[PDB]
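Below: one structure, written as structure tokens.
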Amino acid sequence: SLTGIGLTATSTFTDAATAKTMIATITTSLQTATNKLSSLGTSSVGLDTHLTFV
Amino acid sequence: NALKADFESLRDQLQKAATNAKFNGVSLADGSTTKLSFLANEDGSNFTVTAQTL
């Protein structure tokens, strides 16, 4: 959720400088999002291997 | 007096041609904004272009 990736529900830029800061903001949010999906995929892989072992 | 009136009319023509020199409401010749900052990277680094007032 937006608060879990660092964005607020009302996050927005209002001028070009705020948009330039928002570039890095959305970049860091995309990075943490990809890390979270990678961790979820590794956990699903552990689920599959444990299912084969069971 | 005729050459003076011609010089005055040409000066007004130059002023109007200078004030019309804009593209989508922004301009590098009218002398408004000091410079335009164009994109240059994924990180949002600017490509500075100082205004050239005419």
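Chains: A, B, ... in order of the structure tokens. Residues: from 1 per chain. Ligands: from 1, in order shown.
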I'd like a table as a Markdown table: residues in chain A with an atom no more than 8 Å from chain B, each row giving the shortest atom pair and its distance in Å to one decimal, only C-alpha atoms counted, sorted by chain and rising residue number.
| residue | atom | partner | partner_atom | distance |
| --- | --- | --- | --- | --- |
| A:20 | CA | B:44 | CA | 6.5 |
| A:23 | CA | B:44 | CA | 6.8 |
| A:24 | CA | B:43 | CA | 7.1 |
Revision key, fill the gap. Of A:52, A:13, A:45, A:6, the one nearest to residue 31 in chain A when counting only C-alpha atoms is A:6
Assign secondary structure with DSSP using the backbone only, and return the residues of chain A in alpha helix (DSSP H) as a CSV table (one decimal) with C-alpha atoms, in the first residue's frame.
chain,number,residue,atom,x,y,z
A,16,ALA,CA,8.8,21.7,-11.2
A,17,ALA,CA,11.1,21.5,-8.2
A,18,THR,CA,8.6,19.3,-6.4
A,19,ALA,CA,8.3,17.1,-9.5
A,20,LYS,CA,12.1,16.8,-9.6
A,21,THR,CA,12.1,15.6,-6.0
A,22,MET,CA,9.2,13.3,-6.8
A,23,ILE,CA,11.3,11.6,-9.4
A,24,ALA,CA,13.6,10.3,-6.7
A,25,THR,CA,10.7,9.7,-4.4
A,26,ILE,CA,8.9,7.4,-7.0
A,27,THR,CA,12.2,5.8,-7.8
A,28,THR,CA,12.8,4.8,-4.2
A,29,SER,CA,9.2,3.6,-3.9
A,30,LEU,CA,9.6,1.5,-7.1
A,31,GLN,CA,12.9,0.0,-5.7
A,32,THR,CA,11.3,-1.0,-2.4
A,33,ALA,CA,8.3,-2.4,-4.3
A,34,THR,CA,10.5,-4.6,-6.4
A,35,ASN,CA,12.4,-5.8,-3.3
A,36,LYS,CA,9.1,-6.7,-1.7
A,37,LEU,CA,7.8,-8.7,-4.7
A,38,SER,CA,11.2,-10.5,-4.9
A,39,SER,CA,10.9,-11.5,-1.3
A,40,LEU,CA,7.3,-12.7,-1.9
A,41,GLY,CA,8.5,-14.8,-4.9
A,42,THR,CA,11.3,-16.4,-2.9
A,43,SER,CA,8.8,-17.3,-0.2
A,44,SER,CA,6.5,-18.9,-2.8
A,45,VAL,CA,9.5,-20.9,-4.0
A,46,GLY,CA,10.2,-22.1,-0.5
A,47,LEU,CA,6.5,-23.1,-0.3
A,48,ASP,CA,6.8,-25.1,-3.4
A,49,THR,CA,10.0,-26.9,-2.3
A,50,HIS,CA,8.5,-27.6,1.1
A,51,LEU,CA,5.5,-29.0,-0.6
A,52,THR,CA,7.6,-31.4,-2.7
A,53,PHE,CA,9.5,-32.4,0.5
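Our summary of the geometry notes that CA of residue 4 in chain B is positioned 25.7 Å from CA of residue 53 in chain B.
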Nearby residues (only C-alpha atoms) at most 10 Å from residue 29 in chain B, same-chain spacing under 3 positions excluded, as a PDB file with N, CA, C and O atoms, in the first residue's frame:
ATOM      1  N   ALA B  18      10.158  40.470 -31.700  1.00  0.00           N
ATOM      2  CA  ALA B  18      10.782  39.896 -30.515  1.00  0.00           C
ATOM      3  C   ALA B  18       9.735  39.357 -29.550  1.00  0.00           C
ATOM      4  O   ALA B  18       9.902  38.275 -28.980  1.00  0.00           O
ATOM      5  N   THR B  19       8.643  40.103 -29.350  1.00  0.00           N
ATOM      6  CA  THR B  19       7.626  39.654 -28.404  1.00  0.00           C
ATOM      7  C   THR B  19       6.804  38.485 -28.938  1.00  0.00           C
ATOM      8  O   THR B  19       6.170  37.783 -28.144  1.00  0.00           O
ATOM      9  N   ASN B  20       6.790  38.263 -30.254  1.00  0.00           N
ATOM     10  CA  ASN B  20       6.077  37.114 -30.802  1.00  0.00           C
ATOM     11  C   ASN B  20       6.894  35.830 -30.782  1.00  0.00           C
ATOM     12  O   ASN B  20       6.358  34.769 -31.122  1.00  0.00           O
ATOM     13  N   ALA B  21       8.167  35.896 -30.396  1.00  0.00           N
ATOM     14  CA  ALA B  21       9.075  34.757 -30.493  1.00  0.00           C
ATOM     15  C   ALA B  21       8.897  33.803 -29.312  1.00  0.00           C
ATOM     16  O   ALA B  21       9.732  33.721 -28.414  1.00  0.00           O
ATOM     17  N   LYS B  22       7.798  33.054 -29.336  1.00  0.00           N
ATOM     18  CA  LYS B  22       7.519  32.081 -28.290  1.00  0.00           C
ATOM     19  C   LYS B  22       6.846  30.855 -28.885  1.00  0.00           C
ATOM     20  O   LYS B  22       6.181  30.919 -29.922  1.00  0.00           O
ATOM     21  N   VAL B  26       6.276  29.542 -24.083  1.00  0.00           N
ATOM     22  CA  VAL B  26       7.608  29.690 -23.518  1.00  0.00           C
ATOM     23  C   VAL B  26       8.556  30.113 -24.631  1.00  0.00           C
ATOM     24  O   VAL B  26       8.320  29.864 -25.817  1.00  0.00           O
ATOM     25  N   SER B  32      11.882  36.425 -20.798  1.00  0.00           N
ATOM     26  CA  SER B  32      11.101  36.112 -19.607  1.00  0.00           C
ATOM     27  C   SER B  32      11.921  35.300 -18.609  1.00  0.00           C
ATOM     28  O   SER B  32      12.701  35.868 -17.839  1.00  0.00           O
ATOM     29  N   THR B  33      11.752  33.979 -18.606  1.00  0.00           N
ATOM     30  CA  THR B  33      12.492  33.116 -17.693  1.00  0.00           C
ATOM     31  C   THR B  33      13.983  33.160 -18.010  1.00  0.00           C
ATOM     32  O   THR B  33      14.383  33.272 -19.172  1.00  0.00           O
ATOM     33  N   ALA B  51      18.610  31.566 -21.241  1.00  0.00           N
ATOM     34  CA  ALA B  51      17.834  32.376 -22.169  1.00  0.00           C
ATOM     35  C   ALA B  51      18.714  33.413 -22.853  1.00  0.00           C
ATOM     36  O   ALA B  51      19.670  33.936 -22.273  1.00  0.00           O
ATOM     37  N   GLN B  52      18.381  33.707 -24.105  1.00  0.00           N
ATOM     38  CA  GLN B  52      19.115  34.663 -24.930  1.00  0.00           C
ATOM     39  C   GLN B  52      18.139  35.751 -25.361  1.00  0.00           C
ATOM     40  O   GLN B  52      17.537  35.661 -26.436  1.00  0.00           O
ATOM     41  N   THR B  53      17.997  36.782 -24.530  1.00  0.00           N
ATOM     42  CA  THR B  53      17.013  37.825 -24.787  1.00  0.00           C
ATOM     43  C   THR B  53      17.292  38.527 -26.111  1.00  0.00           C
ATOM     44  O   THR B  53      18.432  38.864 -26.436  1.00  0.00           O
ATOM     45  N   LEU B  54      16.227  38.742 -26.884  1.00  0.00           N
ATOM     46  CA  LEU B  54      16.327  39.470 -28.144  1.00  0.00           C
ATOM     47  C   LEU B  54      15.385  40.659 -28.246  1.00  0.00           C
ATOM     48  O   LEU B  54      15.317  41.269 -29.316  1.00  0.00           O
TER      49      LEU B  54
END
Point to revise | One-decimal distance in Å that lies between CA of residue 16 in chain B and CA of residue 49 in chain B | key: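 Those two atoms sit 23.7 Å apart.
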